[PDB]
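In structure tokens, one chain follows: the form solved without nicotinamide-adenine-dinucleotide (NAD).
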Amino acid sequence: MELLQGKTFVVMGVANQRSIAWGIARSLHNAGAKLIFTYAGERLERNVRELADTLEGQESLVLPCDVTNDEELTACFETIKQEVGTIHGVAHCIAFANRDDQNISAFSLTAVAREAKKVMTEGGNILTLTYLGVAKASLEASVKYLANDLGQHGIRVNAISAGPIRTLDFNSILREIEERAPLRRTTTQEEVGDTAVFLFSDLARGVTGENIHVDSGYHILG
């Protein structure tokens, strides 16, 4: 267990193991953390129900929450103050539809954040993900700005700029990273999830408004 001991989080954006957020999900569960999951709609319900039980432990809620509309979020986070009391972070992880692009998260964090505030009474972290222009820039500012607007209540906001991962020309991009990335290799759901367990942990209590690149060091290039 340990590190995320007696702690519980929402994981959004999960759909089909291959998904980046199941990656994060496992990585948090193994740190001994409890976790609610959400689903975007009809077809994404069964998949998220299927995956939550391939994990052992007291199985946790799988409530419906598409992010582009209020009630589903508002009532979805309403339920938590009413069913689990309080949580310790949120894992804004929308990375679908045209490779996560336009496409989302950019205008789904603020609301998502605002809602998190009320069910995160002790503090913790609101992670959001960037899967490797205008919307990278907004979301960038949105974090900075949320970091500082929700600091004093104990909420940290932090991003992960995550580089390409095994089939989640293209065939070229992947090699290009095996060839240029400082670590000469692409990334995995796992490197991305283990970064997360830190940001959510007690070790990352001074790290707020940061943005950690899980990209083999690719960012340092041009």
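Start at 1 with the first residue shown and count on from there. For clarity, a rigid core is taken as the largest C-alpha set superposing within 1.5 Å between two forms.
What comes next is about the form deposited with nicotinamide-adenine-dinucleotide (NAD) bound, which does not appear here.
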property	result
Shown form pocket vs nicotinamide-adenine-dinucleotide (NAD) in the bound PDB entry, superposition, backbone/C-beta distance 2.4 Å	blocked
Residue 77: touches nicotinamide-adenine-dinucleotide (NAD) in the bound PDB entry, heavy atom cutoff 4.5 angstroms	no
Residue 194 within 4.5 Å of nicotinamide-adenine-dinucleotide (NAD) in the bound PDB entry, heavy atoms	no
Partner contact for residue 25 in the bound PDB entry: nicotinamide-adenine-dinucleotide (NAD), 4.5 angstroms, heavy atom	no
Partner proximity in the bound PDB entry: residue 146 to nicotinamide-adenine-dinucleotide (NAD), non-hydrogen atom cutoff 4.5 Å	no
Option from 39-47, 54-62, 25-33, 151-159 whose residues, in the bound PDB entry, bring a heavy atom within 4.5 Å of nicotinamide-adenine-dinucleotide (NAD)	39-47
The unique member of 113, 104, 127, 87 whose heavy atoms fall within 4.5 Å of nicotinamide-adenine-dinucleotide (NAD) in the bound PDB entry	104
Residues within 4.5 Å of nicotinamide-adenine-dinucleotide (NAD) in the bound PDB entry, restricted to 67-83 and counted by heavy atom	67, 68
Shifted position (C-alpha, 2 Å or more, core held fixed) between this form and the one not shown, chosen from 95, 146, 120, 112	95
Distance direction in the bound PDB entry for the C-alpha atoms of residue 111 and residue 95, relative to the displayed form (3 angstroms or more)	closer
